[PDB]
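Asker: Before I ask anything, here is the structure I am working with.
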Amino acid sequence: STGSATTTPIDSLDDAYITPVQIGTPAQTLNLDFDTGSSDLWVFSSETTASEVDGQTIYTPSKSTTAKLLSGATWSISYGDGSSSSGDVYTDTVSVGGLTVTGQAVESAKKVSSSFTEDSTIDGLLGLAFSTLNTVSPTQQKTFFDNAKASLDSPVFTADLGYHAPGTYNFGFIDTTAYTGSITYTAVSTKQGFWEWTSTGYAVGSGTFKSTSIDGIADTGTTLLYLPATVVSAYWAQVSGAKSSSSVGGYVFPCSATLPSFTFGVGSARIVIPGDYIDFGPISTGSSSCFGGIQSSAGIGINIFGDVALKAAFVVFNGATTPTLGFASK
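Mapping to PDB author numbering: the sequence shown position 147 is 147, numbers consecutive.
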C-alpha cells in the first residue's frame, strides 16, 4: 500500500504545516502537525477542557463506530518549547492520504497548554519519530508509520515541505519526479528515539565549505534550524546589524537586510537553504527587527534540522531494518 497527502503551512511564515487525517467511522477529518521529533498521535477532542479549545476541530470518539477505549491508558507529553498536553487513549481507524491503519492509538487530550489553545489551525500532532518515545502508559503504543510499515510497498515515508506553499507527505514510495539529482543517504542513530544523523559541515552564502561533524535530528515539528553557537555566529556575522537579543530570545536582524544562503552537508552532497527561507519576519507587528530562522542550539542539548532546513530538500525517512535518512535537492 501507499498514501499521499498534501501538507500546508498554517500561516504566512511557515510556522508549522498541517496535513488532513481521517479518524474514525464515519471519518472525522482533523488537521494534524506531522512531527518527526515525537511519537504520539494526539488530538483535540470532545474530552478536552472546554476553556482550552478555541477554534480547533475536535475528535468525538462516541460518534465513531470503530473507536474503542484503551482501558487504563493515559498519556502526557512536554515539548521543547515548554508546551504540553495529556489525556486518555482510544484505538480507532486512521487514514492518511489513502493509507489506512486499523487499531491506531489515538490519544485524546483532556488538557492542553496555552500555546496549543492559541493555535486554532492545529488540531493535534501525528508523531513520526521512533515508537520508543511514545508516552502512553502503562502500555506504550506504536506510531502510525510503525503500524503501517509492514503493509507499505517500501518501509519509508518522505517529507517534501514547501516554502510559503503546500507540499507533500508520501508513505510507502519515493516520488522520483519530486527532486533533482540523486538522493544522498546517511546513517541514523535511533538511540535517543529520533531520526538522528550527522551533517558533514556547512557554508555561509558563497563562502568556503567548513568540514565539521554536526549531530542533529531531522524534525518536521520544529520550525527553525538550531545549530551550534559557533556555526550560528558565523552565519549572522555576514548580516549587517544582526545580533543575538536576550530579550527577544535569539538572533534578530534588520528587516531591510538581504540574507545569505546557508548550505549543509549530507555526506559528500550539499543542500542549499536560500536566504529568504531564513526570514521569519518582524519580531512584533510593525517592527523593523526581524527574527532569524537559524538559531543556537545551546541549552536545547541537541541540534535540530527543523523546517527551515528540511523544506530546502526532499527528505526520505527510511524505516528499513537499519533506518537511514535521505536528502535530495529540489
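For each residue, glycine too, the CB sits at the ideal point set by N, CA and C.
1) Expressed to the nearest angstrom, what Euclidean distance is found between the alpha-carbon atoms of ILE18 and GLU118?
2) Looking only at its own chain, which residues have a Cβ that is under 6 Å from the Cβ of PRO20, when we skip the five neighbours before and after it?
3) In three-state terms, what does DSSP make of residue 331?
4) Taking 9 Å as the CB-CB cut-off, is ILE271 touching chain B?
5) Tell me the start and end of each unbroken beta strand (DSSP E) in the region 125-199 that is at least 3 residues and wholly inside, in chain order.
6) Are the region 266-284 and the region 310-324 in contact at 8 Å, needing three or more beta carbon pairs?
7) Among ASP40, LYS210 and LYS191, which has the Cα closest to the Cα of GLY265?
8) State yes or no: is the C-beta of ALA178 within less than 9 Å of the C-beta of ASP153?
9) Tell me where the alpha helix (DSSP H) around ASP307 begins and ends.
10) Just mark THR321 as buried or exposed, buried being the case when its beta carbon has 16 or more other beta carbons within 10 Å.
11) Here's a check: name, in chain order, each residue in its chain whose Cβ is nearer than 8 Å to the Cβ of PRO166, leaving out the five neighbours to either side.
12) Taking the alpha carbon of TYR226 as the reference point, which residue from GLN295, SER95 and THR91 has its own alpha carbon closest?
13) Taking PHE262 and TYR202 to be in contact with their CB atoms under 8 Å, please state how far apart those CB atoms are, rounded to whole angstroms.
14) Suppose you measure from the CA of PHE173 to the CA of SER245; what does that come to, to the nearest Å?
15) Taking 8 Å as the cut-off, does the region 187-196 touch the region 43-51 (at least 3 CB pairs, one atom from each stretch)?
16) Got a sec? Which residues, its chain only, sit under 7 Å from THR135 by beta carbon, not counting five neighbours each side?
17) Look up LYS68 in the DSSP assignment and give the residues it is bridged to.
18) On the premise that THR36 lies in contact with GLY181, defined as a C-beta separation below 8 Å, what is that separation, rounded to the nearest angstrom?
19) Using only the alpha-carbon positions, how far apart do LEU70 and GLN238 sit?
20) Could you compute how far the alpha carbon of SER83 sits from the alpha carbon of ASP11?
21) Rounded to a whole number of angstroms, what is the C-alpha to C-alpha distance between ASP175 and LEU126?
22) Below 8 Å CB to CB, which residues in the same chain sit around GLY241 once its five sequence neighbours on both sides are set aside?
23) When the Cα atoms are used, what is the spatial distance from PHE145 to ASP33?
24) Span of the alpha helix (DSSP H) holding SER114?
25) Terminal residues of the continuous beta strand (DSSP E) containing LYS210?
26) Note down, in chain order, each residue of its chain lying with its Cβ closer than 6 Å to the Cβ of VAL112, except the 5 sequence neighbours on either side.
27) Do you know whose CA, among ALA16, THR102, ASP88 and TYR79, lies nearest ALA27's CA?
28) Please list, in chain order, all residues of the same chain as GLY97 whose beta carbon is under 6 Å from its beta carbon, the five residues on each side excluded.
29) Would you mind giving the Cβ-Cβ distance between residue 336 and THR200, rounded to the nearest angstrom? I have them listed as a contact below 8 Å.
30) What ranges does the alpha helix (DSSP H) occupy inside the region 224-274, keeping only unbroken runs of at least 4 residues that lie completely in it?
31) In terms of alpha-carbon separation, which member of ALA218, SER297, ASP219 and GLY216 lies closest to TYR251?
32) Assuming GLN104 and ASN170 make a contact with CB atoms under 8 Å, what is their CB distance in whole Å?
33) What is the rounded straight-line gap between the Cα of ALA73 and the Cα of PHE327?
34) Which partner residues does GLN295 have in the DSSP bridge list?
Answerer: Once the coordinates are examined:
1) 15 Å
2) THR29 and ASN31
3) Outside the displayed span of the chain (1 to 330) sits residue 331, for which this structure offers no information.
4) As a matter of chain content, chain B is missing from the structure shown, which is built from one protein chain.
5) 156-160, 167-171 and 184-187
6) With a cut-off of 8 Å, the region 310-324 and the region 266-284 count as touching, because enough Cβ pairs lie within range.
7) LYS210
8) Contact: no.
9) Membership of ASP307 in the alpha helix (DSSP H) is indicated by the continuous run 307-310.
10) exposed
11) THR6, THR7, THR8 and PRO9
12) Of the candidates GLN295, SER95 and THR91, the one whose C-alpha sits nearest the C-alpha of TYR226 is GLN295.
13) 7 Å
14) Straight-line Cα distance between these residues: approximately 43 Å.
15) no
16) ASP40, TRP75, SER76 and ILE77
17) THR91
18) At roughly 23 Å, the Cβ-Cβ gap does not stay under 8 Å, so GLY181 and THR36 are not in contact.
19) 54 Å
20) Using only the alpha carbons, I get a separation of about 19 Å.
21) 22 Å
22) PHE253, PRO254 and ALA257
23) 14 Å
24) 114-118
25) 210-218
26) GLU52 and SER85
27) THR102
28) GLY3, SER4 and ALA5
29) The displayed coordinates of the chain run from 1 to 330. Any statement about residue 336 would go beyond what the structure contains.
30) 229-236
31) Selection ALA218, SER297, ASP219 and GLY216 evaluated against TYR251 yields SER297 as nearest (Cα-Cα).
32) With 8 Å as the limit, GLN104 and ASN170 do not qualify as a contact, their Cβ atoms being about 19 Å apart.
33) A direct Cα-to-Cα measurement between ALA73 and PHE327 gives close to 37 Å.
34) DSSP, once it has assigned bridges, lists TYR226 as partnering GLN295.
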